[PDB]
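Have a look below at one chain only, the form deposited in one PDB entry, in structure tokens format.
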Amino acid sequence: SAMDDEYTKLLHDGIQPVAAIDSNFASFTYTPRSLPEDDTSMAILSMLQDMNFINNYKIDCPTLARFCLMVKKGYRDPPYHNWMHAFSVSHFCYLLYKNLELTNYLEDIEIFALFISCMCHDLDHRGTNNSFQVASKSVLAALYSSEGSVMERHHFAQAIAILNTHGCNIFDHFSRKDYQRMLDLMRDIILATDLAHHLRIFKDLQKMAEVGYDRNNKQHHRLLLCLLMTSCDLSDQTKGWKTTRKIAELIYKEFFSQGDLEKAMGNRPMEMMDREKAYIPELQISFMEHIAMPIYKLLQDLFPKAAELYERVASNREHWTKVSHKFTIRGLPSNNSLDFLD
């Protein structure tokens, strides 16, 4: 058994200090996708230890090791929505913890729930979106289409199934109230990763940042968790140009594959899913200006120390404008041939 030996080492070898992973591991400039995939489960444990969650919540180490491996094994391998995405999203949550004084805003258990939700938030993603579940009449749509956020409901359900697997419930010593609270938080945070949900609550996020965060307002806690979750989910946009470029390639590979499946079903894909129509520079610039930048602007509004994140998203978007011309074939192609016109 592969997992058996990995677990044995994860449990008995001990947890490496975060600085041994990388000297800049806790910096906004660090790219967690640089970490070898084989080192990521150990890194998850290192972060959990460094954030004091293991000690504070007296988490059972064998259970935690099993849980971490089960979560990793709970991702498939589409180009983008894979374990390295969940890992990098979890890492950014850790960065927010290390850089932004979250304990002035959120309860301990909320910060814990955010991180665990990050690990779990895309579990068993098949590389297709919510619309496709309904159009393809998938099992997931049969279960959840009446509620909406089909994939995100599945991700949450998958997280619960892992918890309900013997030897994996890292919360099973919790008081009844804390257990209920944790699972309720995971529901809210994972369901908040549906961009439709973000767009619905965006006005509320703005009003929150306008009036100023009120740590005594429970709805403010809820809203901030949603924003932070979204900030983690999109955090590839806050690194360098190379990260944005590669993640664009991964996402559109995933998108265009869905589009191919939609065409074969006799449906016409969204433009951004259609490899014959999608003009990537326009599409990325649009996503950055209309989705990613406003999120990190709000984050900056609430946390001044997060200004560098917004400025690098803006910087990355500007670089897309600058390379857009490259999508136009000047002169002859690659191979000196016009055969592709046929």
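We call the rigid core whatever largest set of C-alpha positions still superposes within 1.5 Å between the two forms. In case it trips you up, residue 1 is the first one in the sequence shown, and so on.
Stretches 5 to 13 and 323 to 331 differ in mean C-alpha B factor, with the higher average recorded for 323 to 331.
Per-stretch averaging of Cα B factors for 278 to 286 and 66 to 74 places 278 to 286 on top. For the set 233, 122, 260, 107, the maximum C-alpha B-factor listed in the entry falls on 260. Highest CA B-factor among the listed residues (114, 159, 150, 208): 208. Ranked by C-alpha B-factor against the other modelled residues of its chain, residue 265 falls in the highest third. When the modelled residues of the chain are ordered by their C-alpha B factor, residue 40 lands in the lowest third. Ranked by Cα temperature factor within the chain, residue 46 sits in the lowest third according to the deposited record. Sorting the modelled residues of the chain by their CA temperature factor places residue 154 in the lowest third. In the PDB entry, a CA B factor belonging to the lowest third of its chain's modelled residues is recorded for residue 86.
If you look for the form deposited in another entry, you will not find it shown, but the lines that follow are about it.
With the core superposed, residue 23 shows a C-alpha displacement below 2 Å between the shown form and the other one.
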